[PDB]
Every structure is written in C-alpha cells, then in structure tokens.
Number of protein chains: 2
Amino acid sequence: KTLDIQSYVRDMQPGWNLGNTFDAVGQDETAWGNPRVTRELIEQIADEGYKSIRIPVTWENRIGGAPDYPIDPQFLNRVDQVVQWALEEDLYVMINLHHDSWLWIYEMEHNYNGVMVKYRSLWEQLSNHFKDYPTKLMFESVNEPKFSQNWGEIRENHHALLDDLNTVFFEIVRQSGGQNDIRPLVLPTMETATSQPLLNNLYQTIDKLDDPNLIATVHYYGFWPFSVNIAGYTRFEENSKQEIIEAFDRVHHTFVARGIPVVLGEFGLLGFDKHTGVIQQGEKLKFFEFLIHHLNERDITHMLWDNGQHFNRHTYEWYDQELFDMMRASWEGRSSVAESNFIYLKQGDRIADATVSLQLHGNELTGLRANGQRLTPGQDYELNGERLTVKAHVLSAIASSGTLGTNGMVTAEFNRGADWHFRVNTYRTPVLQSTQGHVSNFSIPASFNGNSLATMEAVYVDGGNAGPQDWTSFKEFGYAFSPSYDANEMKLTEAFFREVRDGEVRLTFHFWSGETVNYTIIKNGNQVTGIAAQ
Amino acid sequence: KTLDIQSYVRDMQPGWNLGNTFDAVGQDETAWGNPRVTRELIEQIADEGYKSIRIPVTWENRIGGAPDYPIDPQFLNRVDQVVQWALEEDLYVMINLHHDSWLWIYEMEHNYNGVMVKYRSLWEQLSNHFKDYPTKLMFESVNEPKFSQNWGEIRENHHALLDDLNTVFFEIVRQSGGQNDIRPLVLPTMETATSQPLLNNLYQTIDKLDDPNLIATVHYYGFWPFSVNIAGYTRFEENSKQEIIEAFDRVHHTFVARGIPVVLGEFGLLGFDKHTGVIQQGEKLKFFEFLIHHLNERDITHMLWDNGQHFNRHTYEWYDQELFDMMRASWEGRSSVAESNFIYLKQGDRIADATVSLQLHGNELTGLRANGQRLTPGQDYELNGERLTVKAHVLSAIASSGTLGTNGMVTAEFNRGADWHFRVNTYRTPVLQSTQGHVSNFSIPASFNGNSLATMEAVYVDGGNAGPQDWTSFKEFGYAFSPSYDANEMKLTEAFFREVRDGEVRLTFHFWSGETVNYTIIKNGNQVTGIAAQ
Ligand SMILES: C[As](C)(=O)[O-]
Ligand SMILES: C[As](C)(=O)[O-]
Ligand SMILES: [Ca+2]
Ligand SMILES: [Ca+2]
Ligand SMILES: [Ca+2]
C-alpha cells in the first residue's frame, strides 16, 4: 500500500545509534571495546523511549575480493539478528555502509568504475538479503561521504560523484524486489554537512529521482570551538546558538518545508570523542536542551550518537543520568536552565546570598530543595523575575564545614521539564608548583583546592600564541592539557609540546570559580622547566 | 595499446552524415524517401574525401517490448553491413541512438527507471554486438538530448538527467568487453547546444568519468534568423559571423584547449529542412566558407548533415556542385568571396562598368573569365585593392541580347581556393497582379522579369506586423510565402494566413536587384483579395 514518508519519519522520534559496534574497523564488532550485542541492550534502549535505532555497519574487513565482494555470511547474520531484535521491539531500523566511506569509497574520484563495482555489489547483496523485511527497516546509502582523505576539501567534481552514488543506490534498491520498491531510502549531503550548497545538491538529487519515499540526512556535532573546548568557548553562547538556528533553518527551508523529511542521523558534541567531561556539565545540558528544542520546532527526527559512552552496555543504565533526563525532557518540551550548574563559596569568607539568572523557557519555578529538603519560599529563597536568590543560611547549612569541593546541591524544580541542579562548591585559590620534566610526561603538581578547570591559555612571553591551533591563545581541553583531579596534577600533553618552540611560555589557567592562575614553562629541547607564580 | 584521442578526432576530418536513413521514423530506413544504402554510396562518399561517417540510428520501431527490448536482428544486420562497408573504406564511423531522444528518452524526468531500463538495454545490446569491432567505430550516447517535448525548455533538473544518461552509457560500454574498454565515446551537450552553462555541464561529466578517450559533441545550424531566412536576414552578416566566433570560441576554450577533442556532429543551415534554395546562393557559400575556416582554426572536426539533399544518392553526385566545391576548398584553406554572386543589368539601360567588393581572405586574383573565356587584365577588368571592376563591354558581350534572367557568368579565379561565380542577370521591374482567392491556395500572378525574390514583409496598414512571428515585419521564406518562378506566381501559404486577422495588409517584396514592389491583401474570412500597386 501507500506510505506517508513524513509520518514515517515522525514516528521514528527519538532515535539512538548503536555506535562503535558493527561500524568498528576490525575483525568484528568488539574491535573498539563494545561487547557483542545482546537482545537485552535493544530491549533496554526501547524501554528508555527510543523509537528508532541506527545500526551503522562497516563492511570492509568482512567481505571477499573483486569482482563479487561477497559479504561474510556469519557477519551478515549477526547484523541481521540485531535488525530482527530491533524490529521485534517495534523500532524503526536504519542500516548503511559506514566507514567504508573513508576506507575506500572516497577513492571514486580517481577510480570511478572500481569503486562503483564494489559499491554496486554491496548494495545488490544487502538489498536482496533484506528485500522481504518490514519497511520499518530503511537503507542509508553511505555515511558522511567525501572524496578526499581529509575533511573540508570538497571540490566541484565531488558533488557529481556523490549524486552518482546516491543514484545507483536508488536504482539498485528500487528494482531488487520484495518491499524495496517502496522501502524508505536515506540520502546524505556531502560530509553530512549543512551548508546551503550541499543541501541544494542533495535536493537536486532527491528531486531528480522522482520518488515519494526519500529521506534527507545530515549530522551535527555543535559549533566547532564549543564542541571540542578550544578558543575560549567554554560556555554554550551566541555562536553555538546561532549556528543551530541558522543550520536547521536551512535544513527546514530546503527540505522539511518542501515535504522532504529529515533525519539528523547522528548528533552529539564532537569533543565527546575525547570524553564527555571535556564540556562543562551545565553548558553541555543547555546545548542539548536548545538543540532538541530547535529540532522539534522544525520537525527533524534526531538520532543520538552513542559510541558506548552514554548508555552503559554492561549494566544497561546511563553513565550520566542528568544528561539523559535532559534529553528525555526535551523530547516533550523545554526545560528551564540557569547561567551555571554551580554556586561557588570561597573558603574562609562569610557566606552571602547567591543570586543566579534562570532561563525559564516558558516554565514556572515550583520549588527549591537543598540536599533534597524542601525549602520555604521567601524565607529560604526568592525568585524575582528570572533572578533566583538562594539565601545565605541555606548555603551555610550545606557548606558551613568548608570542606573543599562539592558540599551539596540546591535543586530547582519547575512545573514542566527537568530539574536544574546547582552544585554547591567550596573553594580556595588553586596552587600550582614549580617542577622540571620531559615533554612526553609533563605534569604540574596542582592543588585544585575545590576548583574545576575551564580552559588554559598558552602564549610566548615575547609575543604570539603557543602550541597547537595558534590562531588562539586558548588551547584545546584534553588534547593539549588535562586536569588530573585525583592525582592532583595538571598534565600538559606531548601533542601540546610538539607545537611549542624552545623558549618561555606563559600559561593562564581559568577556573569556573573565577580564579585565574598564571604559570611559566621554559622549554629546552625535550626538557621542560615549570615555574609557579610568585 | 594506448590511443591518442586528439589525433583520432583530427583523423576523422572531414565527416558526413548518412541522414534521414537509419534515423528515419518508420518500419525501415526508406521511410523518409532515401533508398536502401548501397556499398557504392559509401565508396563514393569516401572518394569525395570524407574520412568519417556518422550513421544516426533510431531504434524505436525496430525493437521489442519491456523488459529486454530486443533489437530486431534483421534491422541490426543492415546497420551492421553499412558500418562494415564504411570501415572497409577506411572511414571512422559513429553510431548512436537518434530520434529515440524525443520519441521516449525525454520522458526520463517523470519516468526515471522506465527510461533507464530501456536505455540500458539498448546500449548493453549494441556494446555487446560491436565489442570486437575496430576502435575506428565510436559510440555516441544520444542525439540532441532534451527533457521536454519542446526545444528551449531546459530546466535545472534536466542537466542531472543528461549526466546520468551519459554516465550509465559510459559504465555499460567500458565494462562490456572486447575493445570497449578503450573505444572512443561521444558525449553531447543538452540539445547539442553551445551556451556556456551547457558546455560547463558536459565538461563536468567528462571530467568526472576520468577517462582519456572521450569526445565532446555539439551541433550547429547557423544564426537562427539567417538560417531560416526571416526577420530580414537575407545576407550572411555580422550577427551570423559573430555567433560562429563566439560559440566556437566557447567550445574551444572549454574543451579543445583543455585536451578534450570536439566533433561538430552535424552542421548545415536549419532552413535546408525546407530546401536548399531558401538561402541566397552566394550568402550560403560565404556561410560555409566562414564556418569551416573557423572550425579549422579551432581544431574542430565537422560532419555535414546530409539528409539526402546534398549528395544525390541515386546518381552519386552533388546536387549543388558549387556548394561542394566551396566545402572541399574550405577543408584546405580560405576561398575569396564577394559582396554578391550576381551582377544585375536593368533591361533597356546603357550597360556600365560593374564594380563589386571582394573579400580576398589572403588570396590573390589570378584571372577573370566571361563564359569561360579568359579576359585581359586592364582592358576587360581592373582590381583596385579589393574592388573588382568588370568593364561594360564584357557585360554587354554577355548580356546585350537583353533576354531576362541569367545571361551568362563572370568567373573570378584565385591563386588558392574556389573560383567565385558572378551570375550576370538582366532584369526589369517585376510586376504583380490583382487577384482574388482562398487562404488554402492563394497565388499572386507574378512576372518576375529576371528577378530573384529575397524576402517579403507583411504589416497591417493600421499598424503592427502581420502573419507568423510578428515580432518582425519580414516573414519566413518558404514557410509564409514562396516564389514559383516557373509558374510565374507568388504563393502566400495557408500557414501565413492562419496568423493574419481579417483586414488590410501591406506586403513588400524585396528582390536581389534592389527592386521593391508593394502589394495589398484584404482578408475576409477564408477569402483573400489581392490588389496590385497603382
Ligand atoms: C569522528 As565522527 C565525524 O564519525 O564523530
Ligand atoms: C530538425 As534538426 C534540429 O534534427 O535539423
Ligand atoms: Ca549523476
Ligand atoms: Ca517538575
Ligand atoms: Ca585557382
């Protein structure tokens, strides 16, 4: 019968990626540290409220040679089993060719027929294998296509190559029998990026194919500097907000408003490829709240990129319940947020009233708790417009001990959406110590003293920015440096030193409390002298 | 072994089309009035100096139905026989899908897979059939592709469709075995037109395919108004000259100069689709001289469109030896031409010296003949710069009788290139007569009195142009009107009257002698009254 492609895509909301699994580059799907897929994982993801699952698959390393490129039947049966489990749990399912994109498909520019033969063979095999599967199984032509080994090197000829890949995929699937005459097909922009020319090119391809069951796909990992924590973008601010609005306005105008539905096939923050701790927690939450709201406004179905770091695949729970709670709330509507998820108290100072700005997002404050205890309006706190004041005696009750670090929590409750949690932290000025070391393993002894590090600047004392990405003084969190809180050390990485010339560099460590600490390093070959502020 | 595609295309020069033959829409190749192809025709064309032959083929009407679309083997064997004869005569050969373009291929926009299945099947069959043939046989994907039933309705989506047709053709041929891995392939622009965007799109496709044996093709039928004789363009003038220069500069810059050779797969004058007499003979000759010179300058191989009207296929000679002689001369270099191919003498007037402007094109005048008799320089004629004077006594010797029409010829001989022939014509004022008739068969009795008609204007006496193409007063020769010299009649066609409203129209007949005659028609329904000048 007829299929309503817009309703189909709407019914997928929200989605989840089985990341770093069948897409892993290796003998099998455990190559990147995830376990073999259990039925329970799929059940649990469905129970959390996900309505669709993307199962990215890298076929390279599980296929024979030319000319037929036979897919390993054992590998295919394992992929198949997971597809079936998902369908049994009433999920929509998307499969693709994944890291094949940069393992070999990218060669197409100087190997047209060679790539085409291999690509055709794979999609002929998959389309045939899955032809009688329910149409809740959809096919995606290729992940993040590009035709250079590098990102951001899209040339004019590349667009034509991607049109051809998308088109041959369409032709193969549509004429392969079973339900494949109507099965929804997912087609990407170049690099799954959102610039207007790339959206236009995908539109041209979709328009040409003259088919009612096509879905456009893009990916999104945040405004780059915020997403990796570089260049001073420690807060979710106007640049990150405007990129989302502008990008998804383009997507909506070009596709959704013209009747072509859009699946955001992957989203997250790029810096999570390091770890989730590289983005300040409150700012991370506000990114997800804002993004998902604006996707909802534009009818865009989204699928979380989860490489194993969000849903714990061994215990079937979220590593970060706060993040999940925010996402789950965002599926339904907006949550109120605040300038920060913390209130800092200087150890030794008289504790005063803390006033913080809320962004209510159309909700009302219903209550406040201090370590779970209900507070009395007026007596213990005030809300004046969007200015929330937590009274001194409440903070003193939580943190009069003056123990450094997080003493407790003030939780703001709203009539709709997720609670917002203020971590109440006692701090003193952090102290770094002079030291001497080697570029391969350089650690500054550091007393964090209840502080959390936001970012680090590096400049040559003689002038100019030092280290990687020297268009900015603010170095990249994790990549160039890392706080080791348990070890009481500040790590400066070998990658940092690889892009530092011999000489004297001034470091400036910025902490979330507002504390700033300077430090000097002198590099002489592979040897580094650290000198604390005096 | 390796093939040098530029040398290959150069070696094709000059070419000839076996037109209105296998391309004819009908049961067989005689459907449009040409005889079955004889070996002698191919021999004779080769003997005239042609090095390549285009054999356009329309496959529709000689194929089975879906899904395999089997080509009639009998038809294919007849095409094959002609290909073999041409190859035996050492010619290069181009075959294609021809009027399939507008019989069904154009449907692709709203029938993507249906057209693709049929197109794929045909090229699979042809590529297989011809795979072991010498590489002097080349394949051309499709004639004059477009995706509307009408010309000049190229939309953005159409470019993508043509890229796909060209690309699938490439893929099929290149992987079909025999010599087809290296066989030269000919790819057209949309409508085989020469505008920059269309040239760019073909370049993009050729660049993408990353193959050393690709040939670009365009067609050319002259600046439109001159080519059909409308809007007053009775002379080969600056607009026709500039179109050639601009168009082929674009072609050279975009393709030839970048190492992609170009075959002009068809050329002629569009109006020849009526008959060759619609273009004044001298102006026709200058068009071909100028065109072929500029193609030579730009290394473009050309193939004459001959639907049966140039080379007489029954007697194996040129209908118009003067035209052939000009083309043959042009293969080697430029010919000198003149303002006209005629000298008019008014009957009853004293015969004076005739002075005409020559365009020497780098040649020198070596002599002059009057009816074949060598004339004496100085005594009988003078050349002053490019001004040729033929003395009165020479013209009087040719035309003292005062018989109306062509009395004889003055032939200019040059050190290089074709002779130029001046027809010496005696004329009197032409006379049209009043009459009454019907729109389906309206003839003005006409005493042409040694004159040749150039064009006819039609305007409403109250204002505005009358008849077809009413953006100009000058009507289209043949289509709207025709001189019947033997019948002594001026025909105004039914097609003319279909676009004339009831009322009074002033006609102005322009003759090559400079004589102008006005005439009035009054249209009342299907009845027409003609009133001669008084
Ligand atoms: C390294 As990625 C663009 O697959 O998140
Ligand atoms: C009518 As034609 C464009 O094939 O000369
Ligand atoms: Ca294409
Ligand atoms: Ca609540
Ligand atoms: Ca001569």
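Basis for what follows: all heavy atoms, side chains included, without hydrogens, waters or symmetry-related copies. Letters go in sequence order (proteins before strands), and every chain restarts at 1.
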Region of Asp211(A) that comes under 4.5 Å of a non-hydrogen atom in chain B: neither
When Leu209(A), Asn111(A), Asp164(A) are compared by non-hydrogen pairs under 4.5 Å with chain B, the top option: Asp164(A)
Heavy-atom contact with chain B under 4.5 Å, split by part of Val117(A): side chain
Proximal component of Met116(A), with respect to chain B [non-hydrogen, under 4.5 Å]: side chain
Structural part of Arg155(A) lying under 4.5 Å from a heavy atom of chain B: neither
Minimum-distance pair of heavy atoms, taken over all atoms of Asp210(A) and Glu109(B): OD2-O, 3.6 Å
Non-hydrogen side-chain atoms of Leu161(B) and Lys208(A) separated by less than 4.5 Å: yes
Largest heavy-atom contact set with chain B, pairs under 4.5 Å, which of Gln204(A), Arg174(A), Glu171(A): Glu171(A)
Most contacts with chain A, counted as non-hydrogen pairs under 4.5 angstrom, among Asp163(B), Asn157(B), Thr205(B): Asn157(B)
Side chain, backbone, both or neither of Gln175(A) within contact of chain B (heavy atoms, under 4.5 Å): side chain
